[PDB]
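Peer 1: Sequence unavailable; structure follows:
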Ligand SMILES: [Ca+2]
Ligand SMILES: [Ca+2]
Ligand SMILES: [Ca+2]
Ligand SMILES: [Ca+2]
Ligand SMILES: [Ca+2]
Ligand SMILES: [Ca+2]
Ligand SMILES: [Ca+2]
Ligand SMILES: [Ca+2]
Ligand SMILES: [Ca+2]
């Protein structure tokens, strides 16, 4: 009944209960949780919960831009715009205006490549920390390029450079947005950096892209003509960096400064975008919120969620766990003990978790006092980053199985599993996968969980690839997570085999195969 | 009941008790110092205790820009933004448009080099003075570049400059903000100098740095590619300073004018950065407050703290000691006679303290009248500069120890130390520190405390390095600080030996290895 | 109770006493002189008692711009900012772009030299005039250049100019303030004058400095690089003034028009520096107040003080003596008959006094009626000039003794002196001040005081340098002041010795060696 800020919601209704229906507010008592309403938690000392250019009421009632994704309806998630650039096809030509020698290659893009390229994986997880530590960190602003149609052939012999003069570089790019915010006056700048030696900067101005970029969309609408670097003209190169591109290095294409406008609803009609810009709220959002990234193999997402700092009892901001923040940022359905997306389950054992050194140290220090030793029950703190990687293949010996092949010697008849059932081991367990279903020249990690109700039972696991290896595993009464890496090669090679031999008592569950990054090719 | 300024704070409270909770002001009754609540002190004759454009009650209540660091909510420390610029790597090319001969070297930038370069060392420290002096004083505005990847070769061999015509220089620079204040419309003017001779200046304008610079964050957000000086275009060089650069001197950068605005709330809604400027409060802050700089091996900070004019009893402003100023300006947990950060310990006998000549004369005048003979229990006066250097290696034979190796023949079972334990001696004390963990071409100070309740039980020390020496240290009844210096070379040498032997009675404590400056390399 | 001006202070409290506490005026009764309180007097017929744009209550209550030095707190001293430009490095280039024959020399600036460059000395100082007479006056605005690092070589040798065309000049400059006021919007216009001929006018606009120059703070803040004039650009020279610098003349720099703004606190918040100009108050101060310039070996000071016109009984204004005017315009500590700074002594017999011819005539008119024979007890009048030059060396055989070389035959066992003791003489008196501290190509004056309690005891003095001089002196009953002059030469000369021989009865006191100006050099 008491009001502090300039919002219709009372200060008592800004904590421990929040329901918005027919443009008024009513208290939640847990009767209509199935009827399409979710619980909002917000500040009650400040009008603006996060740094987005809206009040808490307008983003909790739908009276804002229709282009904004609906996942930012909760007041702890703000509309933060990100503009990313992807590189698709490359051509090399010896002229400047546009005869000569022109060569063309196709190239795939990887958004979450530089983040996980500095991840070293050990053979054993210490205590309840079921994650890895990266070396460096980066958002999806930068992008990585991998050459697919790379037959053994030097790039020099197709261009005939002798001593000093080198050709030019032309390409096609696409402009995507990974976040819950559009941009209207899109003016980005992008550096084309090859292993540190900067080549050029690209500014696409305004008229070439148009007055909008809706979230989740690019300018080439799905499958159409990609935008080339012809229509600020062409990029040169010298006779020092071509061998670097040929042998080991890949072209980095990263967006540096992003400027634009947006829309706020006026009193009368449709949107306005003239006297307002995205230039002041970058540090207003980025200095109070964390950064949660999710990487499905088809598309990626990033969100920013406000957090709580421990050394300020006067700051009465909402406090969440890790899993609650994931649920509110990404949108999920709560099943019995589990959190689901539309088709991909989300759990501390079903996907992979990546943190930097500060977050890893904070989680290791904060997991001492808890008595459950689970990842999702970690208190949210500001200034940390989470990268969730969805496996490209995952089975849980249950209703979900996306493996293209079928396993051998599978015994579903068990009930002492971490989630449901498990496989009773008696002898061999073998699977093979053809090379065509896996992208060449990458790095894969195969991970799983094991349990043994004996003293000194042991398992051996053989991974047959272009570096085949055999490894030894000694499980105990507790659940043990194992993870082993392997490398792939070109499509003209053999299949990939996964075998494991035991003594006939252990149990296995939660099998996953996940791609991380790309390996250099000898060229 | 009584009021003096245009603020909400009562007059009878404003001295010796001050607490903000739930946007109300209550006195201090020294019973909730453990729940995170803290006290502050403010002048009662003016609304702005410091020189910032925020009132003290507002800047202590949190109703201000949230990107400012949370320890700046102390009203006794003002917000002051500092912009620094420095190289990462350097290139020379003989063409104005970009073939020819091009060389590239990789450098490292350092923040406190010109300040420490005028500091001399001695065998003993007379009286209670536990600090050194510097020839000239500079802030962290200027940066020094050190060239690492450089074997024996002159720049002329890779350039072939004969009589007068020289090549062109280009560099990769970064911009950083080490202070408790952001700025938005950044317009830095930077002189790129070689030992006094200004080669040129650069004006970054707006399109290359961006409309934002968060405090504590560089221009590339954490790890991205460094900006190149290709987007006013190029700067020249002649064949007079090339060999001068070759022999002894290094390129320095300093900014001169930094223009920008500060952000604040409007009457109704969002924040505006239009009708403000960070150019009218620089002198008004610098002519009222002190200057305290801290330099950790990872990062650096500096603050301006207001002081009391002792020769003016009318100016009713609160007074400070040195340790209380450090605690209130940086933010530190106060253990029993101890100031701790999250991991770095600071005390009067664990760090290095640097003043200039005027502060040295003032502290020598004010030290004799004190009955405790310590550095921290000194009243703060305006217009004096303090620098604190945290050593890269430091131990006290206690809970804190981060040496890359382990000390030999340690008898820590003792209590007669400055803080608990001490190193009893019966035989030698040796360490062989390897060069793989130390920066090449540096100057290092070995510092420590010696004490012995005996007549003349002297000790001797031997430092084996590229400049090897032996020294004799005699003890006293008092507690004597011993400091010595040595120099190092490139990474392809043998280990550095520190050996000390006495006669089985002396006590040695608080052993520290720190770095000062860079030596000119012969090339 | 009775009020005249726009101040809360009554007319009676505006005379013979002025104390302020808790923003309330109170009268002086001589019990709180030792508690830091100071006594002022102010006009009671105008709101602005001085020409600075502040009323007496506002300039005495501290509620004004804090960058103004505390010496301007009293109402009888005006806030007058002065911008001076100094030249440090002279480089000559024969091109209009940047290749060519370039020569770079180092040069030191002298601020107050031309005001005292035309002074001549006398053997005896007649009557009670213990000062000197100058031929021209100059502020700290003009500045002179003196070249030290210059071996035997013509400037034409480094340029090889034959008949018709000479090179271009380029300079390194610094900007300083010496006054009790800051200006923000600096507009410096300067002329580079060469012995009556104007070479060029330099206008450094707004962007080469910015809107901040603190008083007493150089634009390169303490130790940084000198600012070159390469950021309106170039200055030519002919083959007529190029040979004039070789023999006798020196390049001089004189600012002509400077304007700025003074910052005023508004009603509610911060300070405004837009609607203002430092052009309507220059003639308000300069046409009323006098001029006092003080020259220390480390810094210079300039102040303007309002005086009394003796031919005006209607003009009711404060009347000041010379010593009280100095004490109010600088801030002084009063020992028993003595005026001291923190360490620099100032007195009628401890420094050098320079007066203009009109001022000397007025003072010599005023000296006859005085019955005390002291120069500091003279009533001030509008439009007179005072220069106080502190000698670089000064002894009095007392608490202050800062000669680097000790005397010979020192007998301090005496008490019939002007202050404290006097040096008893028995035979010769020797001093040998060496090469290592004397600035070259300068002119020095050694002055002293003598008594002799005998009828016809004469003394002899010898000054041995490259230009030696002998002299015979006859002292008298009272205090007699004598002054001698000499010059110096380059580094490769010998040390300078001073001998004085008496006969055992004469008494010598207050020996002061000072520098006056610079001599032309043969080259
Ligand atoms: Ca509210
Ligand atoms: Ca709210
Ligand atoms: Ca299961
Ligand atoms: Ca107050
Ligand atoms: Ca106040
Ligand atoms: Ca200890
Ligand atoms: Ca009055
Ligand atoms: Ca008055
Ligand atoms: Ca005396």
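Peer 2: Perfect, I can see it now. Residues are numbered from 1 along each chain as shown, chains lettered A, B, ... in the order given. Ligands and ions are numbered 1, 2, ... in the order given.
Peer 1: Make sure I have this right: residue A:244 is in a helix.
Peer 2: Yes: under DSSP: H, G, I helix; E, B strand; the rest coil, residue A:244 sits within a helix.
Peer 1: can you tell me how far it sits from residue B:149?
Peer 2: Distance, residue A:244 to residue B:149, by Cβ to Cβ, to the nearest Å: 17 Å. Where C-beta positions appear, they are placed from N, C-alpha and C, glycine not excepted.
Peer 1: Which of those two has more residues huddled nearby?
Peer 2: Between residue A:244 and residue B:149, counted using other Cβ atoms under 10 Å in any protein chain shown, residue A:244 has the larger neighbour count: 15 against 10.
Peer 1: Please tell me I have it right and the more buried one contacts residue A:196.
Peer 2: No: using Cβ atoms under 8 Å as the test, residue A:244 is too far from residue A:196 to be in contact (9.7 Å).
Peer 1: OK, contacts around residue A:17?
Peer 2: A:27-29 (Cβ atoms under 8 Å, 6 or more residues apart in numbering or on different chains).
Peer 1: Kindly report the same for residue A:175.
Peer 2: Residue A:175 makes contacts with A:83-86, A:186, A:188, A:204, A:209, A:213, A:218-219, A:227, as judged by Cβ under 8 Å, 6+ apart.
Peer 1: Same question for residue A:466.
Peer 2: The contact partners of residue A:466, taken as Cβ under 8 Å, 6+ apart, are A:487-489, A:493.
Peer 1: State the distance from it to residue A:403.
Peer 2: From residue A:466 over to residue A:403 (counting by Cβ to Cβ), the distance is 21 Å.
Peer 1: Residue A:508 now?
Peer 2: Between residue A:508 and residue A:403 the computed distance is 14 Å (Cβ to Cβ).
Peer 1: Repeat that for residue A:58.
Peer 2: Counting by Cβ to Cβ, the gap from residue A:58 to residue A:403 is 46 Å.
Peer 1: next one: residue A:34
Peer 2: 34 Å.
Peer 1: of those two, who's got more company?
Peer 2: Neighbour count, other Cβ under 10 Å: between residue A:34 and residue A:403, residue A:403 has more, with 14 against 6.
Peer 1: Tell me if I am right that the more buried one is in a strand.
Peer 2: No: going by three-state DSSP, the assignment for residue A:403 is coil, not a strand.
Peer 1: For ligand 1, what is the nearest residue in the stretch 401-523 of chain A?
Peer 2: residue A:419 (41.9 Å; Cβ to the ion).
Peer 1: I'd say that residue and residue A:509 touch.
Peer 2: Yes: between residue A:419 and residue A:509 there is a contact at 7.2 Å, judged by Cβ under 8 Å.
Peer 1: Spell out which residues are contacts of both of these two.
Peer 2: residue A:396.
Peer 1: And the strands in the stretch 301-450 of chain A?
Peer 2: Ranges of strands within the stretch 301-450 of chain A are A:333-335, A:338-340, A:345-346, A:352-355, A:385-389, A:393-395, A:423-424, A:428-433, A:442-451, based on DSSP state E, counting those that start in this stretch.
Peer 1: want to try JSON lines for those strands, with distance to ligand 7 and mean neighbour count as columns?
Peer 2: Below are those laid out as JSON lines (distance: least, Cβ to the ion, whole Å; neighbours: other Cβ atoms under 10 Å in any protein chain shown):
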{"stretch": "strand A:333-335", "distance to ligand 7": "78", "mean neighbour count": "10"}
{"stretch": "strand A:338-340", "distance to ligand 7": "78", "mean neighbour count": "15"}
{"stretch": "strand A:345-346", "distance to ligand 7": "79", "mean neighbour count": "20"}
{"stretch": "strand A:352-355", "distance to ligand 7": "70", "mean neighbour count": "20"}
{"stretch": "strand A:385-389", "distance to ligand 7": "66", "mean neighbour count": "22"}
{"stretch": "strand A:393-395", "distance to ligand 7": "88", "mean neighbour count": "20"}
{"stretch": "strand A:423-424", "distance to ligand 7": "99", "mean neighbour count": "18"}
{"stretch": "strand A:428-433", "distance to ligand 7": "98", "mean neighbour count": "16"}
{"stretch": "strand A:442-451", "distance to ligand 7": "86", "mean neighbour count": "20"}
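Peer 1: between those strands, which gets nearest to ligand 9?
Peer 2: Closest among these, using Cβ to the ion: strand A:385-389, at 74.7 Å.
Peer 1: so how far is that closest one off the chain centroid?
Peer 2: 6 Å (Cα atoms, centre = their mean, to the nearest Å).
Peer 1: So what angle separates the directions of that strand and strand A:442-451?
Peer 2: 90 degrees (axes from the mean of the first three to the mean of the last three Cα atoms, to 10 degrees).
Peer 1: Which strands and helices lie in contact with strand A:385-389?
Peer 2: Using 3 or more Cβ pairs under 8 Å, 6 or more residues apart in numbering or on different chains; DSSP states H and E, the elements in contact with strand A:385-389 are strand A:291-295, helix A:322-330, strand A:352-355.
Peer 1: redo that, cut-off 6 Å
Peer 2: Under the contact criterion of 3 or more Cβ pairs under 6 Å, 6 or more residues apart in numbering or on different chains; DSSP states H and E, strand A:385-389 touches strand A:291-295.
Peer 1: What helices and strands are in contact with the strand it packs on?
Peer 2: Using 3+ Cβ pairs under 6 Å, 6+ apart as the test, strand A:291-295 ends up in contact with strand A:300-303, strand A:385-389.
Peer 1: Any idea how many residues pack against the closest residue to residue A:316 other than its chain neighbours?
Peer 2: Residue nearest to residue A:316 in three dimensions, not counting chain neighbours: residue A:45, with 6.3 Å by Cβ to Cβ, 6 or more residues apart in numbering or on different chains. Applying other Cβ under 10 Å, we find 17 residues neighbouring residue A:45.
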